[PDB]
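Let's start with one chain on its own, the form deposited in one PDB entry, as structure tokens.
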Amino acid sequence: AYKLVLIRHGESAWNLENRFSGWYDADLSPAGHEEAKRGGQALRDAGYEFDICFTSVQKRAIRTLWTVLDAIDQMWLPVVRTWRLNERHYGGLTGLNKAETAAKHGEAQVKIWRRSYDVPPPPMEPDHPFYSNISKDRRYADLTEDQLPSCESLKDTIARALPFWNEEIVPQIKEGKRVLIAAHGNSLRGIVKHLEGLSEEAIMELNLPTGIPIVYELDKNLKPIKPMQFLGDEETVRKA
């Protein structure tokens, strides 16, 4: 049986500022960093070892990867970064305050483009305070006019995530390499959905714990031979 491990990053600087992050490169908050440490300790204690790692091109996710490798003393591992594992692009809501946004458009509206499977938030216009900050960033200089999103629905996110998983990650798993993916909530949801074959409703209600190692054991067809497992003290694995 193959062993895959996922880890959603913890609290970011904009998280405790209650702002929508999306593609904005917010860095981890101290608690977010600490969270990745305790999650790292967990893998170390469990004795896990990997062969290759995948992550996005966003600080909060990458730093999480670094903190873990350090903890499990595997900084030498090959690392592959890709925009396809990025958080979902919150379009024009980027930078706004989640609270003020609900008070302005009504909770119902906000709830929608936040828990919807195909409702794209409004696009990010050229005047948005973060338009050149994200749209004009070397990071994505090799992306086609399309590929660079103006906004994304979880469906959009998944559509551009899986191609990578299928073409880049699956091959490594089939080659028997222990993979470690350090990414975001929405991009990791796409993998989980594909793995467990969940419905659209199913994933909208699924909230992956942060900074906690998510373990999957796949069969010869990359199918979870069991529900996802968490690592760490019961007082914590319980909380999940």
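Counting begins at 1, following the sequence as shown. In this text, rigid core is short for the largest set of C-alphas that superpose within 1.5 Å between two forms.
Heads up, the form deposited in another entry isn't pictured, but that's what we're talking about next.
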| query | finding |
| --- | --- |
| Single mover in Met75, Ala108, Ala141, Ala159, with Cα shift of 2 Å or more between this form and the one not shown when the core is superposed | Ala108 |
| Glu17 C-alpha relocation of at least 2 Å between this form and the one not shown, rigid core basis | yes |
| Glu107 and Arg8, C-alpha gap in the other form relative to this structure (3 Å or more) | farther |
| Closer or farther: C-alpha pair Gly22/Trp14 in the other form, relative to this form, given a change of 3 Å or more | farther |
